[PDB]
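K.L.:
The amino acid sequence is not available; the structure is as follows:
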């Protein structure tokens, strides 16, 4: 996880570069409602 | 339907998209959504007559 941003705020801009042991190396456009998407392998 | 910014902070580098904006404080007046004195929205429509 390499969450970037300019203020780390819901209104302003942010990025959510994430990585794992599989093909989920997805770089989403703008995710801000999730406070902490940690390891959720359950 | 077309919006441009009248004024802003210090100037841009090449190729920024700055679609997020709320308000500018032109003084000590806490408007935060009021179109009164010392507070204005940056977005303002062309009209294109």
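P.N.:
Noted; the coordinates are in hand. Numbers count the residues shown, from 1 in each chain, chains lettered A, B, ... in the order given.
K.L.:
what residues are up against the spatially most central residue of chain B?
P.N.:
Chain B has residue B:42 as the residue nearest its centroid, 1.2 Å off, counting by CA atoms, centre = their mean. Taking CB atoms under 8 Å, 6 or more residues apart in numbering or on different chains, we find residue B:42 in contact with B:5-8, B:21, B:24. Quick note: C-beta positions are derived from backbone N, CA and C, even for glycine.
K.L.:
mind giving me a markdown table with those and columns for distance to residue A:3, neighbour count and secondary structure?
P.N.:
Formatted as a markdown table, the contacts of residue B:42 follow (distance: CB to CB, whole Å; neighbours: other CB atoms under 10 Å in any protein chain shown; DSSP: H, G, I helix; E, B strand; the rest coil):
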| residue | distance to residue A:3 | neighbour count | secondary structure |
| --- | --- | --- | --- |
| B:5 | 27 | 11 | strand |
| B:6 | 32 | 10 | coil |
| B:7 | 31 | 9 | coil |
| B:8 | 26 | 11 | coil |
| B:21 | 22 | 14 | coil |
| B:24 | 27 | 15 | strand |
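K.L.:
Can you tell me which of those is nearest residue A:29?
P.N.:
Nearest to residue A:29, judged by CB to CB, of the contacts of residue B:42 is residue B:21 at 17.9 Å.
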